[PDB]
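Below: one structure, written as structure tokens.
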Amino acid sequence: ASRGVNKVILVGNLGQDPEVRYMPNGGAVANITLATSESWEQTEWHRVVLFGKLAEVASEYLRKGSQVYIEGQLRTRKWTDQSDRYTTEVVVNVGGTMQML
Amino acid sequence: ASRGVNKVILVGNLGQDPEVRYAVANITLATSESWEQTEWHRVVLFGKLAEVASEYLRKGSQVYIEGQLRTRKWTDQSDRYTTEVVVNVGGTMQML
Amino acid sequence: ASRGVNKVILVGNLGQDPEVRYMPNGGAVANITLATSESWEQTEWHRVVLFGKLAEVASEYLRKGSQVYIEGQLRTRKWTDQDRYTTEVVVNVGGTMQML
Amino acid sequence: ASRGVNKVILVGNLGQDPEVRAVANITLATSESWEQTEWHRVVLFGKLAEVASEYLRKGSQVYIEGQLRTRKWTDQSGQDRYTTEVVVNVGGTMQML
């Protein structure tokens, strides 16, 4: 990891059961939408993606309203649609973690 | 303001000098990772900080950032979503 | 708070109900010992002190086994008993506590 | 290794040069203001330990991410003593700024 730090920590509940899929060689890719709100109620939705082991467990133990802790990195990946688009996500890979609260 | 923790910590370098329009500086940083692959963040500072960055942050500048993620919805010339790291309430920025 | 970043993030459980105490002018001080463990087990205990509002709430809502999220700073303070140091996670400025 | 999250993030400067014994002990200072500086006892192992010994000198500014660990030791008077430190192990990390 040259250059600075890139890290996000989230604590929220999934607004929907874990969308588990399996990419080609090595099926293991889970997608969760984490919700975190605040007052002073303004809520924000998060697109997280878990891999390998974290994916599976996500799939086996995580369900809609579940609350979880997430430590991941911020990544924005572009893609041209059936019509250029960009989507930034919180990916959990290397020094990352996911956990049931 | 409970129910969940929205927090991103960043340390890295600016791509271009601070684009301050109006008490709001928009800064885009870079964070490399190797095993190359750089990643670019859209950080947005307000009030006090906005001005400090404007006055002390130049292109190369290395900084520490702590804010929250916010995805905002806008329609363009012809729907679009832009997620950025906003240093608001309990956030903070500093020169390294 | 220029120069450096002092910040710890904890998620764990309270080992025992919050020991709330009221300081001189403006009583609001809570003391919680947080437990975080690691298997692969090996646990580690943390002293956490809350203040004002967060203190009150802890008192009211937290109990023994409850699980929390803590964000604060590290402060080791010296005191000679009857020379010693005690390091703790203190929730002051940009800190926070949350029941999970 | 669940049940709770033990994590401290630090950015700051070394008091002395790295005291290497693969294990580097460094101490870090983070000041606050409203002065009042605070001193951290950081411990690096293996790979990082050596890097620190090789590139970190007194003034060096570094980013640290580790876990808190309080160690219980006895001490010549045969009295119990406790020392908490920031240990950069598993998912930890250190970097020069």
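When the chains are written out, they are named A, B, C and D in that same order, and each has its own residue count from 1.
Here is the rule we use: a contact is a pair of C-beta atoms (placed from the backbone, for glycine too) under 8 Å apart; a residue touches a chain by one contact, two chains touch by 3 or more.
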Quick check: more C-beta contact pairs in C-D or B-C?
C-D
Suppose each chain is reduced to the average of its Cα coordinates; what separation in Å results between chain C and chain D?
20
Round to the nearest whole Å and give the separation of the Cα centres of chain A and chain D.
30
I'd like to verify one number: the distance from the centre of chain A to the centre of chain C, where each centre is the average of its C-alpha atoms, in whole angstrom.
29
Residue list for chain D, restricted to those that touch at least two other chains
2, 5, 7, 9, 11, 61, 63, 95
Thinking of each chain as a vertex joined to the chains it touches, would you call that graph a line, ring, star, complete, or other?
complete
All pairs of touching chains, each written as two labels joined by a dash:
A-B, A-C, A-D, B-C, B-D, C-D
Would you mind writing out the residues of chain C in touch with chain B in their complex?
2, 5, 69, 71, 94, 96, 98
Sites on chain D touched by chain C in the complex
1-13, 28-34, 37-40, 61, 67-70, 81, 83-84, 86
Please output the residues of chain C touching chain A within their complex, sorted ascending.
9, 11, 67, 69, 98, 100
